[PDB]
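Below: the structure, in structure tokens.
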Amino acid sequence: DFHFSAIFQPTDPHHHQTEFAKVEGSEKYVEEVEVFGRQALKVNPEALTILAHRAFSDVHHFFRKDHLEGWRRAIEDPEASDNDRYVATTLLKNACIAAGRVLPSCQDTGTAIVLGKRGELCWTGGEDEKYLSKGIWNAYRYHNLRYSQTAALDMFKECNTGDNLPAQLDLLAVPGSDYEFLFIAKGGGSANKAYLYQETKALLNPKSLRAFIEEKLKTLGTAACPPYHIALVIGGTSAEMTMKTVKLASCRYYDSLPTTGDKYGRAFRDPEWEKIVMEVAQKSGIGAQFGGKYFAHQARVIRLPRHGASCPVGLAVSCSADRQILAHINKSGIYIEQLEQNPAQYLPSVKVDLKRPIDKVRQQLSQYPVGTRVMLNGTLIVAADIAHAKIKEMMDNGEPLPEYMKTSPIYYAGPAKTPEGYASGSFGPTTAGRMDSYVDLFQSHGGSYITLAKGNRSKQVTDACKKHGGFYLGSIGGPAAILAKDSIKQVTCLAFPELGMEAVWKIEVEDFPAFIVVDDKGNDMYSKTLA
Amino acid sequence: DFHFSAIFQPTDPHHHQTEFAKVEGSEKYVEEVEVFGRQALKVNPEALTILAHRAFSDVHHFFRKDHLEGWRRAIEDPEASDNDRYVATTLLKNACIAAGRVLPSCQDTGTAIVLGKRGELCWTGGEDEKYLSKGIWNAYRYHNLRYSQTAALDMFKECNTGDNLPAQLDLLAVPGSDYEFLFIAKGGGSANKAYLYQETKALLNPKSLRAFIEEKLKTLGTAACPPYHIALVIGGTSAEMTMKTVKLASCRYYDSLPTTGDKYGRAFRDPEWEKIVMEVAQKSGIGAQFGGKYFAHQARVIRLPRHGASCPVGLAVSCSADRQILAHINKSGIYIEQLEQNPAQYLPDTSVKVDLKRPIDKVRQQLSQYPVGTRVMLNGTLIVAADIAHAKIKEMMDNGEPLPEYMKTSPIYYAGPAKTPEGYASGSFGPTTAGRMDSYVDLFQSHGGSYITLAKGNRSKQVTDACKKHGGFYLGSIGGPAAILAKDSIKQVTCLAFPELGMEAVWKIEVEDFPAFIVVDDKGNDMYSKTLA
Ligand code: SF4
Ligand code: SF4
């Protein structure tokens with residue numbers, strides 16, 4: 001009467017649908033042997049270093065076909081908005097810059113995440129995590145990436161680790177003698193849009209589930225640089241299993257799952273509800289960041305078994321920096337997923353002078369409604385999460401709001417490392433909403449009247465800008481390479497250099513595109529679509 | 001310049017502080033060999049079946065010392081409320097019943113969760129998941145536990161799997177040649193109280209974190225049968241990593257982590273903020289389910305590294321059915337954590353009788369004479385219906401059918417029983433979380449039924465409004481003591497409707513001396529309105 005059924009039964013468990021290239025001469029790192037009558041694989045652990053170094057280098061310069069196809073779809077669809085096409089064209093041109101292998105596609109070169117599956121008879125020496133970490137260390141150290149990891153010295157005292165370590169190393173024990181990997185360079189912004197809901201059987205009917213999806217998709221907003229790969233997981237054996245499944249779904253790792261359930265509780269992809277998610281995404285009007293049809297590239301919906309008392313639900317996205325790479329080591333050597341190296345084949349406003357008193361810039365901006373396209377020329381002051389917290393702390397101790405918060409628009413950003421002979425590394429905006437609790441405070445103290453970032457913000461910012469005569473300008477989210485190549489002409493560290501990329505910067509920019517999202521009158525260009 | 005630092009650096013990674021017993025003669029399942037100059041261990045996979053079977057049998061009848069000590073503390077602490085002491089005494093007596101090895105400590109014998117760490121040179125044949133699932137299958141099939149897993153035939157069509165499979169099998173690749181395990185029999189109610197928050201740097205200061213903790217602890221309520229083991233995880237490399245860490249922290253798996261951070265971003269336990277969580281829990285007044293000091297046994301707070309743009313936060317509890325067991329397989333055989341087999345040594349050495357065998361309207365009149373917080377003793381018939389029964393009945397009404405008569409004659413006990421031992425009137429049969437049925441009460445009451453419900457946990461405001469509009473009541477059973485309720489209170493169980501469902505059928509049961517509190521009355525009063533405002 002006992003029948004074993006694995007929850008996950010992909011028809012393509014080794015990802016044969018993916019194209020792989022072999023690292024030249026890597027067969028020298030492996031040797032097939034036969035021990036106690038079973039075939040086994042000896043792996044020089046240096047192969048893990050070589051593979052991780054290659055994976056976390058290439059993933060920042062190339063994309064998968066299904067990602068690039070989505071941007072072209074937004075450009076060619078007659079039903080796409082002008083803003084849909086403008087954003088998708090900008091992201092494809094950004095991918096073209098990044099394919100030059102110098103500038104990463106996004107300033108946020110992400111957290112290094114390894115899902116590894118070591119066969120029972122795959123022998124590495126056992127030091128997999130150190131050797132993988134060294135390859136990750138090599139990738140971020142010797143390329144123009146960014147150190148994004150924040151170490152906690154105590155509960156509140158933090159410092160940057162200076163090398164983008166630690167990685168998330170999930171190494172699983174599996175049958176066989178191979179070593180299979182999924183590498184993810186996961187941006188912080190899309191990682192923040194991984195949501196867990198604790199639901200009940202009352203959700204599990206067509207009307208309630210549809211209303212749920214419409215409600216939750218809006219809470220993603222534009223804060224993770226859509227078009228999104230949207231993943232939705234209904235059920236699961238625990239919260240962490242639900243959240244792991246929705247992460248992997250967003251990486252299209254479970255695309256070959258079955259599409260029907262059975263009495264043993266196996267996972268399945270549900271294509272009908274993927275279609276409903278896409279229809280909700282399109283009919284929402286949120287669009288590719290600034291209103292339109294292309295809120296989403298595509299959807300993945302996986303139904304899981306559940307404890308009778310439980311219904312965990314996971315919602316997660318892959319952002320414009322859609323960065324994952326499959327790989328495996330076998331008796332022939334190291335194989336790594338081949339990404340698209342010619343993204344160019346997928347390609348089918350008000351000038352605002354900042355070199356004036358800030359009050360004159362505010363007056364010019366006041367003349368236009370939300371949704372106006374602007375082009376910034378001049379100085380921006382760069383300050384993100386930690387700078388804002390330090391500045392607020394200064395003011396709480398009676399110190400004045402610093403002068404550099406009062407002279408120029410505030411660009412929420414953290415740059416990647418500058419290539420030799422370049423004016424700037426990749427330097428796109430960070431999510432504006434995380435700074436929302438500072439706006440009214442800083443504006444009441446005479447600064448931060450104009451902010452520049454990406455993502456929809458909360459109502460408190462709209463009230464602050466109306467009360468104080470402020471503005472929030474929405475940059476396009478994602479195109480960090482073309483912004484650095486075309487717009488950013490000078491970068492200087494201004495304050496808090498110990499913060500690394502989270503220091504305060506002063507940059508000179510030209511032809512920096514943005515939208516007026518919040519004006520000084522109580523208007524918000526997202527108030528209709530993200531009510 | 002490269003320095004590798006593992007995120008988790010426990011000082012006791014093999015759990016030497018835990019007491020283990022050897023499965024007799026289990027050295028016959030392993031043999032040491034040497035290949036390519038390295039020591040390896042061949043393991044008969046039958047050892048995984050044996051180990052899983054023993055783990056998921058023993059864990060339902062015994063508890064760890066640190067859990068039992070918490071209940072005794074609630075009884076002996078002068079600062080504990082009378083209800084704190086009453087609840088803790090009831091849970092200890094339940095544990096004494098459960099230690100008889102017939103009745104499981106809770107009717108929800110949980111999801112079977114296996115965390116396994118297979119050494120690189122530990123060779124099982126590779127079929128670990130099948131052999132582990134067979135041992136779990138054995139434990140739930142041949143013991144008086146419960147089949148709690150719900151399979152989805154499509155998005156909305158569901159059925160019970162009938163054997164408590166599938167398990168959650170998380171088998172990790174690690175150095176060495178041994179096999180180390182943490183087995184968890186995770187109840188549904190405490191699994192539902194695992195929360196993920198996406199926060200920011202603006203949270204990371206003493207005032208914001210303190211206010212955050214005070215706010216979130218209240219959202220746990222009493223819905224997962226406190227006293228809780230409270231785990232809080234600040235940071236993490238991803239949501240799923242944060243939620244895995246908070247789960248393991250709640251099992252005290254990370255008790256030996258360091259207590260300070262460093263520039264490499266290692267995880268650490270924070271004893272100062274553990275004390276703050278305990279102070280917030282105690283000062284909340286929520287208590288051991290019915291007001292008091294013992295909202296929490298103990299706290300675990302782990303600070304993790306984070307991406308500069310990210311601050312995921314996890315909050316999770318272990319409930320009164322605190323069920324985990326450590327184990328390992330090595331060259332000497334199979335070793336399994338030793339749990340406390342004499343819980344009675346932790347036991348140290350005024351209510352209104354309600355006759356339910358009357359017209360339901362007369363029962364409502366008697367209850368109307370008492371304030372919330374009154375302790376009652378129920379004698380008579382209860383109609384048992386939980387999540388699926390409620391959804392099926394609502395579906396019937398949506399298609400024009402009347403609310404069934406059996407929803408109007410007796411109070412509704414939200415519960416799902418474990419299997420009945422031979423010669424027993426009932427298996428373990430404690431209450432389910434009341435909040436999950438909140439959306440049905442006003443509908444059912446306006447159709448003349450469900451005027452009196454009996455379950456555990458605080459409920460939402462719509463239930464208080466419904467009981468006021470319709471002259472209804474919500475009675476809070478003690479949450480957890482499923483074994484002593486079955487042995488002492490439940491005298492007869494018969495299936496009334498939906499036999500095709502599993503333990504989620506509608507049941508008709510006769511009870512005696514079934515204790516409960518009036519939580520919501522017919523006047524707008526709620527016993528939790530102050531502590532869970
Ligand atoms: S800035 Fe946008 S594209 Fe870059 S990692 Fe963050 S969410 Fe992704
Ligand atoms: S009923 Fe209470 S003690 Fe039992 S599993 Fe659910 S939350 Fe835990």
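Chain lettering (A, B, ...) mirrors the order of the structure tokens, residue numbering begins at 1 for each chain separately, and ligand numbering begins at 1 in order of display.
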
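Backbone DSSP over range 101-194 of chain A yields alpha helix (DSSP H) at residues 128, 129, 130, 131, 132, 133, 134, 135, 136, 137, 138, 139, 140, 141, 142, 188, 189, 190 and 191 of chain A.
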
Would you mind exporting C-alpha atoms of the selected residues as a short mmCIF file (atom, residue, chain, number, x, y, z; two decimals), in the first residue's frame?
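Written out: selection_30.cif:
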data_model
loop_
_atom_site.label_atom_id
_atom_site.label_comp_id
_atom_site.auth_asym_id
_atom_site.auth_seq_id
_atom_site.Cartn_x
_atom_site.Cartn_y
_atom_site.Cartn_z
CA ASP A 128 32.63 22.74 -1.91
CA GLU A 129 31.57 25.92 -0.10
CA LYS A 130 35.09 27.35 0.20
CA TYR A 131 35.96 26.59 -3.42
CA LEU A 132 32.66 27.98 -4.70
CA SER A 133 33.10 31.08 -2.54
CA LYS A 134 36.57 31.64 -3.98
CA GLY A 135 35.19 31.61 -7.52
CA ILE A 136 32.47 34.05 -6.49
CA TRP A 137 35.11 36.16 -4.75
CA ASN A 138 37.15 36.14 -7.99
CA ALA A 139 34.16 37.24 -10.09
CA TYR A 140 33.26 40.24 -7.96
CA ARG A 141 36.86 41.16 -7.15
CA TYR A 142 38.36 41.09 -10.65
CA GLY A 188 18.11 43.16 -3.77
CA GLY A 189 15.09 44.90 -5.26
CA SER A 190 13.46 41.76 -6.65
CA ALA A 191 14.52 39.79 -3.58
#

Among the residues of range 483-518 of chain B, find those DSSP assigns to strand (DSSP E or B) from the backbone and print them as JSON, numbers by chain.
{"B": [490, 491, 492, 493, 494, 495, 496, 497, 506, 507, 508, 509, 510, 511, 512, 513, 514, 515, 516, 517, 518]}

Identify which of the residues B:308, B:357, B:373, B:423 lies closest to ligand 1, counting only C-alpha atoms and all ligand atoms when measuring atom-to-atom distances.
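Smallest separation from ligand 1 among the options: B:308.
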
Enumerate as an MDAnalysis selection string the residues within 6 Å of ligand 2, counting only C-alpha atoms and all ligand atoms.
chainID B and resid 106 108 187:190 224:225 319:321 432 479:480

For the residues selected in the previous step, produce a file with N, CA, C and O atoms as a tab-separated table (two decimals), in the first residue's frame.
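For reference, result.tsv as written:
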chain	number	residue	atom	x	y	z
B	106	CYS	N	-0.82	15.59	20.50
B	106	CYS	CA	-1.76	16.45	19.80
B	106	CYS	C	-2.44	15.67	18.67
B	106	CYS	O	-1.83	14.80	18.04
B	108	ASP	N	-3.14	16.90	15.87
B	108	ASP	CA	-2.39	17.27	14.67
B	108	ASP	C	-0.99	16.71	14.83
B	108	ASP	O	-0.09	17.36	15.37
B	187	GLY	N	3.30	20.86	13.46
B	187	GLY	CA	1.86	21.08	13.44
B	187	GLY	C	1.46	22.16	12.45
B	187	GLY	O	2.21	23.09	12.15
B	188	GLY	N	0.24	22.02	11.92
B	188	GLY	CA	-0.25	23.01	10.97
B	188	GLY	C	-0.43	24.39	11.59
B	188	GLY	O	-0.14	25.41	10.95
B	189	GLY	N	-0.90	24.45	12.84
B	189	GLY	CA	-1.19	25.74	13.45
B	189	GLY	C	0.04	26.58	13.69
B	189	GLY	O	0.02	27.80	13.46
B	190	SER	N	1.13	25.97	14.15
B	190	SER	CA	2.36	26.72	14.32
B	190	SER	C	3.06	26.98	12.99
B	190	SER	O	3.76	27.99	12.85
B	224	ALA	N	-1.62	29.64	17.95
B	224	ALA	CA	-0.73	28.49	17.82
B	224	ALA	C	-0.39	27.90	19.18
B	224	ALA	O	0.73	27.44	19.42
B	225	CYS	N	-1.35	27.93	20.10
B	225	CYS	CA	-1.25	27.25	21.39
B	225	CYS	C	0.00	27.62	22.20
B	225	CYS	O	0.84	26.75	22.47
B	319	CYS	N	4.94	25.51	18.84
B	319	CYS	CA	3.73	25.50	19.64
B	319	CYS	C	3.86	24.52	20.80
B	319	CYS	O	4.93	23.96	21.06
B	320	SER	N	2.75	24.29	21.50
B	320	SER	CA	2.74	23.34	22.60
B	320	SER	C	3.11	21.93	22.14
B	320	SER	O	3.68	21.16	22.91
B	321	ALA	N	2.79	21.59	20.89
B	321	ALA	CA	3.23	20.31	20.32
B	321	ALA	C	4.62	20.49	19.72
B	321	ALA	O	4.85	20.40	18.51
B	432	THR	N	-9.02	22.91	16.71
B	432	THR	CA	-8.27	23.57	15.66
B	432	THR	C	-8.36	25.09	15.83
B	432	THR	O	-9.17	25.60	16.60
B	479	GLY	N	-5.80	24.99	24.07
B	479	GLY	CA	-5.20	24.48	22.85
B	479	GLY	C	-4.00	23.60	23.19
B	479	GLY	O	-3.14	23.98	23.99
B	480	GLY	N	-3.97	22.42	22.58
B	480	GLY	CA	-2.88	21.50	22.83
B	480	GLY	C	-3.23	20.17	23.49
B	480	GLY	O	-2.73	19.12	23.06

Grab the CA of residue 345 in chain B to CA of residue 18 in chain B distance for me, in Å with one decimal place.
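Interatomic distance, CA of residue 345 in chain B to CA of residue 18 in chain B: 19.9 Å.
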
List all protein, DNA and RNA residues that have at least one atom no more than 10 Å from any atom of ligand 1, counting only C-alpha atoms and all ligand atoms, and write them as a PyMOL selection string.
(chain A and resi 91+105-111+185-193+222-228+317-323+413-414+427-431+453-455+476-480) or (chain B and resi 309)

Top pick for closest residue to chain A, considering B:80, B:113, B:516, B:230 and counting only C-alpha atoms
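Closest to chain A of all the choices is B:113.
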
Give me the residues near residue 230 in chain A as a PyMOL selection string, where near means some atom within 7 Å (using only C-alpha atoms) and where sequence neighbours in that chain fewer than 3 positions away do not count.
chain A and resi 250+296+298-300+316-318

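Residues in contact with residue 348 in chain A at up to 8 Å, not including ones fewer than 2 positions away on its chain and judged by only C-alpha atoms, are residues 72, 75, 76, 345 and 346 of chain A.
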
Requested write-out: N, CA, C and O atoms of the selected residues, as an mmCIF file, in the first residue's frame:
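Output saved as again-v9.cif:
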data_model
loop_
_atom_site.group_PDB
_atom_site.id
_atom_site.type_symbol
_atom_site.label_atom_id
_atom_site.label_comp_id
_atom_site.auth_asym_id
_atom_site.auth_seq_id
_atom_site.Cartn_x
_atom_site.Cartn_y
_atom_site.Cartn_z
ATOM 1 N N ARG A 72 11.292 42.522 -26.741
ATOM 2 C CA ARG A 72 10.914 42.762 -28.128
ATOM 3 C C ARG A 72 9.403 42.723 -28.290
ATOM 4 O O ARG A 72 8.834 43.517 -29.047
ATOM 5 N N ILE A 75 7.979 45.921 -27.552
ATOM 6 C CA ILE A 75 8.265 46.944 -28.547
ATOM 7 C C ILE A 75 7.357 46.794 -29.758
ATOM 8 O O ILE A 75 6.938 47.796 -30.350
ATOM 9 N N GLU A 76 7.002 45.563 -30.124
ATOM 10 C CA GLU A 76 6.278 45.315 -31.362
ATOM 11 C C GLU A 76 4.770 45.219 -31.187
ATOM 12 O O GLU A 76 4.041 45.368 -32.173
ATOM 13 N N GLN A 345 20.114 41.718 -31.902
ATOM 14 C CA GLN A 345 19.215 41.119 -32.881
ATOM 15 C C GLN A 345 17.761 41.180 -32.434
ATOM 16 O O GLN A 345 16.863 40.980 -33.259
ATOM 17 N N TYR A 346 17.508 41.445 -31.154
ATOM 18 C CA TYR A 346 16.151 41.564 -30.644
ATOM 19 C C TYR A 346 15.592 42.977 -30.755
ATOM 20 O O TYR A 346 14.426 43.188 -30.406
#

Close residues, residue 197 in chain B itself excluded, 12 Å, only C-alpha atoms, min 6 positions apart in chain, as an mmCIF file with N, CA and C atoms, in the first residue's frame:
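File written: around30.cif
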data_model
loop_
_atom_site.group_PDB
_atom_site.id
_atom_site.type_symbol
_atom_site.label_atom_id
_atom_site.label_comp_id
_atom_site.auth_asym_id
_atom_site.auth_seq_id
_atom_site.Cartn_x
_atom_site.Cartn_y
_atom_site.Cartn_z
ATOM 1 N N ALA A 191 14.542 40.623 -4.777
ATOM 2 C CA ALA A 191 14.520 39.789 -3.580
ATOM 3 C C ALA A 191 13.556 40.347 -2.542
ATOM 4 N N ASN A 192 13.422 41.674 -2.481
ATOM 5 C CA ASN A 192 12.492 42.293 -1.545
ATOM 6 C C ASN A 192 11.045 42.051 -1.929
ATOM 7 N N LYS A 193 10.784 41.716 -3.192
ATOM 8 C CA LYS A 193 9.441 41.457 -3.689
ATOM 9 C C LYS A 193 9.114 39.969 -3.696
ATOM 10 N N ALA A 194 9.675 39.219 -2.754
ATOM 11 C CA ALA A 194 9.304 37.829 -2.511
ATOM 12 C C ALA A 194 8.438 37.829 -1.258
ATOM 13 N N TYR A 195 7.163 37.481 -1.414
ATOM 14 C CA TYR A 195 6.163 37.657 -0.372
ATOM 15 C C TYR A 195 5.579 36.317 0.039
ATOM 16 N N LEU A 196 5.346 36.167 1.344
ATOM 17 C CA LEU A 196 4.725 34.985 1.929
ATOM 18 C C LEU A 196 3.373 35.351 2.532
ATOM 19 N N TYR A 197 2.332 34.625 2.143
ATOM 20 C CA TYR A 197 1.000 34.810 2.704
ATOM 21 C C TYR A 197 0.545 33.518 3.365
ATOM 22 N N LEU B 203 14.423 50.119 9.874
ATOM 23 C CA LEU B 203 14.042 49.304 11.019
ATOM 24 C C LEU B 203 15.193 49.109 12.003
ATOM 25 N N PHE B 212 8.610 47.337 16.476
ATOM 26 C CA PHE B 212 8.287 46.283 15.512
ATOM 27 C C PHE B 212 7.986 44.964 16.220
ATOM 28 N N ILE B 213 8.851 44.568 17.155
ATOM 29 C CA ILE B 213 8.654 43.307 17.862
ATOM 30 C C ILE B 213 7.348 43.327 18.649
ATOM 31 N N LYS B 216 4.516 42.817 16.093
ATOM 32 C CA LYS B 216 4.371 41.537 15.409
ATOM 33 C C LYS B 216 3.999 40.408 16.366
ATOM 34 N N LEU B 232 13.080 34.746 16.109
ATOM 35 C CA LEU B 232 13.109 35.979 15.343
ATOM 36 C C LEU B 232 14.424 36.016 14.585
ATOM 37 N N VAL B 233 14.350 36.197 13.275
ATOM 38 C CA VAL B 233 15.542 36.255 12.440
ATOM 39 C C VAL B 233 15.555 37.584 11.702
ATOM 40 N N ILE B 234 16.613 38.366 11.918
ATOM 41 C CA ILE B 234 16.793 39.686 11.315
ATOM 42 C C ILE B 234 17.838 39.574 10.216
ATOM 43 N N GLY B 235 17.433 39.817 8.976
ATOM 44 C CA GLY B 235 18.348 39.700 7.853
ATOM 45 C C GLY B 235 18.265 38.338 7.188
ATOM 46 N N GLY B 236 19.197 38.095 6.276
ATOM 47 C CA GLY B 236 19.254 36.845 5.536
ATOM 48 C C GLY B 236 19.569 37.096 4.073
ATOM 49 N N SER B 238 18.175 35.694 1.520
ATOM 50 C CA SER B 238 16.958 35.610 0.724
ATOM 51 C C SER B 238 15.821 35.256 1.664
ATOM 52 N N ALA B 239 14.599 35.461 1.176
ATOM 53 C CA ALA B 239 13.415 35.153 1.968
ATOM 54 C C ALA B 239 13.415 33.696 2.416
ATOM 55 N N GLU B 240 13.690 32.776 1.490
ATOM 56 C CA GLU B 240 13.643 31.361 1.827
ATOM 57 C C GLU B 240 14.743 30.987 2.812
ATOM 58 N N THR B 242 15.974 33.120 5.088
ATOM 59 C CA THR B 242 15.485 33.689 6.341
ATOM 60 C C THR B 242 14.441 32.788 6.998
ATOM 61 N N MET B 243 13.512 32.241 6.208
ATOM 62 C CA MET B 243 12.435 31.433 6.776
ATOM 63 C C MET B 243 12.933 30.059 7.203
ATOM 64 N N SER B 310 18.241 45.178 1.216
ATOM 65 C CA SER B 310 17.298 44.193 1.709
ATOM 66 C C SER B 310 17.393 44.093 3.220
ATOM 67 N N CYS B 311 16.259 43.794 3.843
ATOM 68 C CA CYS B 311 16.239 43.358 5.238
ATOM 69 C C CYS B 311 15.030 42.468 5.457
ATOM 70 N N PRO B 312 15.087 41.225 4.988
ATOM 71 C CA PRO B 312 14.019 40.277 5.314
ATOM 72 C C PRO B 312 14.051 39.937 6.794
ATOM 73 N N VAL B 313 12.863 39.736 7.356
ATOM 74 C CA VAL B 313 12.711 39.390 8.761
ATOM 75 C C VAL B 313 11.754 38.213 8.860
ATOM 76 N N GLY B 314 12.123 37.221 9.655
ATOM 77 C CA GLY B 314 11.282 36.059 9.890
ATOM 78 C C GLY B 314 10.882 35.956 11.350
ATOM 79 N N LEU B 315 9.619 35.630 11.581
ATOM 80 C CA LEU B 315 9.095 35.394 12.918
ATOM 81 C C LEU B 315 8.332 34.081 12.899
ATOM 82 N N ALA B 316 8.670 33.183 13.822
ATOM 83 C CA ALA B 316 8.047 31.869 13.853
ATOM 84 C C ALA B 316 8.058 31.342 15.278
#

Compile the residues of chain A that lie within 6 Å of chain B, evaluated using only C-alpha atoms, and express the compilation as a VMD selection string.
chain A and resid 4 126 130 148 to 154 156 161 171 to 173 175 188 192 196 198 204 240 243 to 244 261 to 265 305 to 310

Have a look at CA of residue 457 in chain A and CA of residue 409 in chain A and let me know their distance in Å, one decimal.
16.7 Å

List the spatial neighbours of range 145-147 of chain A as a short mmCIF file (atom, residue, chain, number, x, y, z; two decimals) with N, CA and C atoms, in the first residue's frame - criterion: any atom at most 6 Å away, only C-alpha atoms, same-chain residues fewer than 6 positions off excluded.
data_model
loop_
_atom_site.label_atom_id
_atom_site.label_comp_id
_atom_site.auth_asym_id
_atom_site.auth_seq_id
_atom_site.Cartn_x
_atom_site.Cartn_y
_atom_site.Cartn_z
N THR A 109 24.76 44.15 -8.73
CA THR A 109 25.24 42.85 -9.19
C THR A 109 24.83 41.71 -8.25
N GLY A 162 32.96 44.03 1.65
CA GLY A 162 34.01 44.43 0.74
C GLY A 162 34.35 43.42 -0.33
N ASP A 163 33.57 42.35 -0.46
CA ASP A 163 33.88 41.35 -1.48
C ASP A 163 32.64 40.61 -1.97
N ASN A 164 31.44 41.07 -1.63
CA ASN A 164 30.16 40.45 -1.99
C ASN A 164 29.99 39.06 -1.41
N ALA A 416 28.24 50.62 -9.13
CA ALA A 416 29.19 49.53 -9.26
C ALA A 416 30.59 50.10 -9.50
N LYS A 417 31.58 49.22 -9.48
CA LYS A 417 32.95 49.68 -9.60
C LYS A 417 33.21 50.25 -10.99
#

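Take CA of residue 304 in chain A and CA of residue 251 in chain A: the distance between them is 17.4 Å.
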
Near range 329-332 of chain B, within 8 Å and counting only C-alpha atoms, which residues show up once chain neighbours fewer than 2 positions away are dropped, as a list in words?
residues 26, 27, 30, 31, 32, 41, 177, 178, 179, 180, 327, 334 and 335 of chain B

Those same residues, written as a JSON list (two decimals), in the first residue's frame with N, CA, C and O atoms?
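See out.json below for the written result:
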[["chain", "number", "residue", "atom", "x", "y", "z"],
["B", 26, "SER", "N", 22.30, -1.71, 15.75],
["B", 26, "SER", "CA", 22.25, -0.98, 14.48],
["B", 26, "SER", "C", 23.61, -0.85, 13.80],
["B", 26, "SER", "O", 23.66, -0.35, 12.67],
["B", 27, "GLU", "N", 24.70, -1.26, 14.45],
["B", 27, "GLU", "CA", 25.99, -1.27, 13.76],
["B", 27, "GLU", "C", 26.02, -2.24, 12.59],
["B", 27, "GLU", "O", 26.90, -2.14, 11.74],
["B", 30, "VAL", "N", 25.90, -0.58, 8.88],
["B", 30, "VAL", "CA", 26.97, 0.26, 8.37],
["B", 30, "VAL", "C", 28.26, -0.55, 8.33],
["B", 30, "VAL", "O", 28.43, -1.52, 9.07],
["B", 31, "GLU", "N", 29.18, -0.13, 7.46],
["B", 31, "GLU", "CA", 30.51, -0.71, 7.41],
["B", 31, "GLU", "C", 31.48, 0.34, 6.89],
["B", 31, "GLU", "O", 31.16, 1.09, 5.96],
["B", 32, "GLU", "N", 32.62, 0.44, 7.55],
["B", 32, "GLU", "CA", 33.67, 1.37, 7.14],
["B", 32, "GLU", "C", 34.51, 0.76, 6.03],
["B", 32, "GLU", "O", 34.94, -0.39, 6.12],
["B", 41, "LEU", "N", 31.72, 5.43, 4.52],
["B", 41, "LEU", "CA", 30.77, 4.62, 5.29],
["B", 41, "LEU", "C", 29.66, 4.15, 4.36],
["B", 41, "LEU", "O", 28.87, 4.96, 3.87],
["B", 177, "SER", "N", 31.72, 11.53, 6.30],
["B", 177, "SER", "CA", 31.11, 10.25, 5.92],
["B", 177, "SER", "C", 29.97, 9.83, 6.85],
["B", 177, "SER", "O", 29.59, 8.65, 6.85],
["B", 178, "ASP", "N", 29.40, 10.74, 7.63],
["B", 178, "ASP", "CA", 28.27, 10.41, 8.49],
["B", 178, "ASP", "C", 26.97, 10.90, 7.87],
["B", 178, "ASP", "O", 26.93, 11.46, 6.77],
["B", 179, "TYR", "N", 25.88, 10.68, 8.59],
["B", 179, "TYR", "CA", 24.55, 11.14, 8.19],
["B", 179, "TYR", "C", 23.87, 11.71, 9.42],
["B", 179, "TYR", "O", 23.61, 10.97, 10.38],
["B", 180, "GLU", "N", 23.61, 13.01, 9.42],
["B", 180, "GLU", "CA", 23.01, 13.70, 10.56],
["B", 180, "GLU", "C", 21.64, 14.23, 10.19],
["B", 180, "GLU", "O", 21.42, 14.70, 9.07],
["B", 327, "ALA", "N", 19.30, 13.19, 15.35],
["B", 327, "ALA", "CA", 19.76, 11.83, 15.13],
["B", 327, "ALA", "C", 21.01, 11.86, 14.25],
["B", 327, "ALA", "O", 21.25, 12.82, 13.53],
["B", 334, "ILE", "N", 23.09, 3.65, 14.58],
["B", 334, "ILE", "CA", 22.05, 4.67, 14.54],
["B", 334, "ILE", "C", 21.85, 5.24, 15.94],
["B", 334, "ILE", "O", 21.61, 4.49, 16.90],
["B", 335, "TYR", "N", 21.94, 6.56, 16.07],
["B", 335, "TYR", "CA", 21.75, 7.25, 17.33],
["B", 335, "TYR", "C", 20.59, 8.23, 17.22],
["B", 335, "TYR", "O", 20.46, 8.95, 16.22]]
